[PDB]
């Protein structure tokens, strides 16, 4: 019976906030009181089980966003907007500070919005970025955080920007439609490499339209890519390869296994080329392992028509290139892992690597995490030997 009391109260408070929001000033004792009451009930709501979200959005919109919007449209205020925003932040900090809160990412993203709203050249604005990052560290399902991160940050490559937007579309709760990504793909780049990357992203995201033209264009992209890999003296491709991995993953999520399979082919070819050059940038391997992992995972899943895994519906030459790739990767992993040994229960956060990509050049624990995850897969291409004299940490399997 208390549920009805609570629900009625929260609904009423929200309605009143929406109503009196238009007429009164942002410092109104009425509106602030209503906000306090609203949060007070919303806590007891969050205590329950259920998605909620709609309620939190309601209170955020009629209680915080709208009053701020009205506040901007006023020439009669003496207070700096940054100060009001700060007060709002301290007010919303109550939710995060309360233990057993179900939705920390949401609140972190709202406070992040508050810091984003601040005028430029205000120091407190920095934290905006941070806040969104925190949200993502709490829940990578919030794609809006990825999008806004792709917008705010200054110290990032085109690769990282595309990574962030794509991840914004990959998230289970993605950032609306995904028109913005395409819009950015419309903008030309000033370097060959990034031009290639964008080309591949467009091709990967492109629907089945122009079926044969799709194939031919793809071939052209592969050739241009190979040509660029050979021609360029040497620069870390792990950014572009990360971008392509995420993009192909998005292609899988968006359409089908075939659409993804074309990308799988292209990227496999690319990797085999880069490793054919024998050039060994420390950052690449971290991404290669990840790609092997994701690809294996997708290949393991049963087809939509059922009765067979997706791996079974693969040509002989495809499985050949697949095993060649895996052989190269395993060989490089073993090459790195002589006298480095295996870390057990690394428990390393993936947040940093997810947000920024592979620029760091990895440490042993980090690699150990990924390598563990690879053998964890339902169909492992590699598997650690129980006891090794010197080399052969991982050995091929299920090929």
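Residue numbers count along the first chain shown, from 1.
When the two stretches 73 to 81 and 259 to 267 are set side by side, the higher mean Cα temperature factor goes to 73 to 81. Look at the mean CA B-factor for 383 to 391 and for 13 to 21 in the entry; the higher one is 383 to 391. The residue among 231, 293, 124, 133 whose C-alpha carries the highest B-factor in the deposited model is 231. You'll see in the entry that, of 248, 323, 192, 93, the Cα B factor peaks at 192. In this PDB entry, the Cα temperature factor of residue 188 sits in the top third of its chain's modelled residues, the highest group. In this PDB entry, residue 86 carries a Cα temperature factor that places it within the lowest third of its chain's modelled residues.
When the modelled residues of the chain are ordered by their C-alpha B factor, residue 145 lands in the lowest third. In the PDB entry, residue 273 places in the middle third of its chain by CA B-factor. Among the modelled residues of its chain, residue 29 has a C-alpha B-factor that falls in the middle third, as given in the PDB entry.
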